[PDB]
Structures are given as C-alpha cells and as structure tokens.
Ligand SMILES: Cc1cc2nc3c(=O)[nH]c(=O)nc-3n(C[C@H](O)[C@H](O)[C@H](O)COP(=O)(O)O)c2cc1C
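Read the single chain below, which is given as structure tokens and is the form solved without ligand FMN.
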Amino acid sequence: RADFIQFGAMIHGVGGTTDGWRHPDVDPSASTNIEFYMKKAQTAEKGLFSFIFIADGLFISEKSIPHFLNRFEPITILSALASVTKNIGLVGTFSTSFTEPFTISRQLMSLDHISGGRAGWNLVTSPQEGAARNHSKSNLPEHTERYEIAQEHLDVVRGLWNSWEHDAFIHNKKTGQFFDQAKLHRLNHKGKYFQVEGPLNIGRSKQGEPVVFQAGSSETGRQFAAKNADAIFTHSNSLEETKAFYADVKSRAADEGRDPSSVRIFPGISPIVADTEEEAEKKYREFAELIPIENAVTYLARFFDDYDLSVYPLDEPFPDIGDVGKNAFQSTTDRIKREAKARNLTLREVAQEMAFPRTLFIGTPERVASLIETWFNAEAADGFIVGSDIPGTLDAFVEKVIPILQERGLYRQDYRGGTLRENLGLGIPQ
C-alpha cells in the first residue's frame, strides 16, 4: 500500500478484565499510578505510535471491573502526559451527554496548545444508563436523540474552536494592536439543546484544532462517524467482519461528500508477542488461568443451560452436550462445541477460553507483523489501536513487531511531524 500503517496505544491501568490484575507481573495500583502511564506513553512514543488513547466511564457499581473502580480522568492524565512526551498524540474520551460544549471545547483546545497540536477527542454519544443519575438527570435520552444531541454538541465545539482565525493575534507592541478584531467571530448559536454565544477564549493550535475520533457501530453511529469523524475505532472479531465495516464506513463517508482517505479506521487488537509460538501461548494461558474456575463455568453454563456443568470432571474432554434446542446465542454454542472438538479441550479449558478469548494476533513477531500487514493490504484497517493489558506486551510489540514493519516498508523510520494531524496524514483546517 502507498500509505504507512499507524498505531495507537490504549493505556488502561490494570486492564479490561475482572482478574488480570492478580497476575504476579501486574501492579494492582496501575490505574492511578502516574509512573505506569508515563512509562507506557514513552514506550509507545519510542515505537513512533501516532497516539495514545484513554478510555473513560462515568458510572460504577460493586461489580465493575477493577480498572473502572478507581482510575484517572482523561483530560488530566493526558495533560500530565503532554509534559513528558514530544510527538505522540493525546486522545481522550469525553461524552456529549452531560458537559457543556464550551467547557469541552476549552479543555481540548487548551490541551492542544499545551501539547503543541497533539490533542484528540474520542466522542461518546451513549454512556451507561446509570451515568445519567450521576449528572442530575433521571435517565438518558433515547438512542436517536443522543445522536442529535451529539451532532449539535460537536457543531458547537468545532464552531468555538474557530472563534479566532489562525493569524488573529498580531501582538504589535508599537501600535498596541494585540489582535485583529476582524478575525474574531462570535458563534451566536441558539439550538435545541445548546445556546452558546461565544467567542471562545483560546485561539487556534499548531494543528488548527483537535482531531475527532468516534466508535459508532450501529447504523446511526456508523453514519454519524462517517459524517463527522477523522478516525474511527472498531473491533477485530474477524477479518471478514472488519473488512465489511471498513468498506461500509468508507462508502458512507463518500455519500456525505468526503474524501474517504480522510477517515482513518483503527480496529482494536491486543497482541501477545513472544519469541516462539509456545512461549506466546504460555503467556496467554497464564492469564486465562487467573479466572476463578467456578465463575468461568457459571458463565459458560449460560450457553448449555439444559445441563449442570458441575457434574462434569473439569480435566476431562468437554462433554458432547449441547444438542440443539434454541437459545438467543445458539450459533455461539455450536462454535464452542466445534472448537472444543477441534482442539480436544477440557471443560476447564473451554470455560477459561470463554472468559478470556485467545487473540488471533498471538505468536512470533513475524506472524503478528504478517497478520497486521495482511489486514492492512486487505483494507480492513488503516492502522490499529493496540491494547497491552498483559505486562510486557507493548514493549514486545514496539521492540519486535515495529522493526519488521519498518523493514518491509509499511512503517516509517521516524515521526512525520509534531502534530497529531500530520502523523495521521490529515490536513489542518482553517
């Protein structure tokens, strides 16, 4: 391909699982540990990653995963990371549901100035229902209305970012003209959900304004992202599904009058790289074995409801149970039955793999680089957002996979520039 592949690094504290933090290598305080976040950010920058990504959440219970219980908030951790990094982008999740767009617009643009033009906004339209009750609302608006709110919120945020033209600040000490008043613009916005006069009290950044990311998956969300986003996150459940998503979103973007190459699609992967196939599998198994087996069998039991799995000896082959019946997730049960037979899995192993599935992107650096190249050449991805919950995985990826991609001409030898737009290959608007 003519362009280069890009990577982002999701920094996610003690990770996305219930029990991964119990591994001997995991620092259980990682989610509020500034050293952990700084070290991961600098590892990603060493790998020339275009950005780091901080997810977010606004509602928890006693059953939330450990990372969700106690974690940094995104604009603060990204601003702190700006001071100890140089070129890597800083992408944070903020919802359109609660905060006023003037506040979000200021905070993102301020990060964009602090960082020299590296800010990005992952826009979330639909938080958990319970989040409404943390923000003085009885309930969230309905799906359709949440996307109308999000469109108006984003329009106001981008309108405010353009309050000042890029050359508005003359700073002429001799004449006393600090700014050119013809280059200052009030928004004067009076919409259904927001009324915002302006102007914003911060000007254009070195990349013009922050980059917008979105992870819309529904019909409505795919269309919203194709209309509005610079980059789109998606899943990597299969090459076929991701290829279909990519083609659909790129087509929708053309329908909206955009150049499809200006929308960069980033599936999420969590690769497990080791020097040998067996070593990588051993690392996967160490983490899959952390789940309390009774919890995994109980969750497995949801797909074989007509049986008590407790009578089956754990360390014997998975039973030829399953029959047919009919459950809302029955095609799941036949994939489970087929995999268990294909690899002669025990009941314990089936339970463990269901609680923590094995990534396709597992094995030698050469295999993982080749898979990544294949997805890139197949137009399933313009890049990947790399998770690294298992300790050492980001370091292994940067040290071992990146040099192969560089040697094959798919990855740059150094940063293209100092702004997120430049490193993603986007133009800067004014």
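In case it trips you up, residue 1 is the first one in the sequence shown, and so on.
Although not depicted, the form solved in complex with ligand FMN is the subject of the following passage.
Pocket accessibility after superposing ligand FMN in the bound PDB entry (3+ atoms within 2.4 Å of backbone/C-beta): Open: no clash with the backbone or C-beta atoms.
Candidate spot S251, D255 and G427, all three touching ligand FMN in the bound PDB entry (heavy atom, 4.5 Å): No: no residue has a heavy atom within 4.5 Å of the partner.
4.5 Å heavy atom contact, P127 to ligand FMN in the bound PDB entry: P127: yes, in contact with ligand FMN in the bound PDB entry.
Contact label in the bound PDB entry: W161 to ligand FMN, heavy atom within 4.5 Å: The answer is no: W161 has no heavy atom within 4.5 Å of ligand FMN.
Non-hydrogen atom contact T234 with ligand FMN in the bound PDB entry at 4.5 angstroms: Looking in the bound PDB entry, residue contacts with ligand FMN include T234, since a heavy atom lies within 4.5 Å.
Partner contact for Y193 in the bound PDB entry: ligand FMN, 4.5 angstroms, heavy atom: Contact check for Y193: no, nothing within 4.5 Å of ligand FMN in the bound PDB entry.
Stretch in contact in the bound PDB entry with ligand FMN, which is absent here, among 108-116, 211-219, 317-325, 331-339 (heavy atoms within 4.5 Å): In the other structure, the partner sits against 211-219.
Sole residue of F169, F356, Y147, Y312 within 4.5 Å of ligand FMN in the bound PDB entry, by heavy atom: Contact check passes for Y147.
Of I390, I385, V398, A381, the one that lies within 4.5 Å of ligand FMN in the bound PDB entry (heavy atoms): Here the answer is residue option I385.
Partner contacts in the bound PDB entry for 154-185 (non-hydrogen atom within 4.5 angstroms of ligand FMN): Contacts from 154-185: none.
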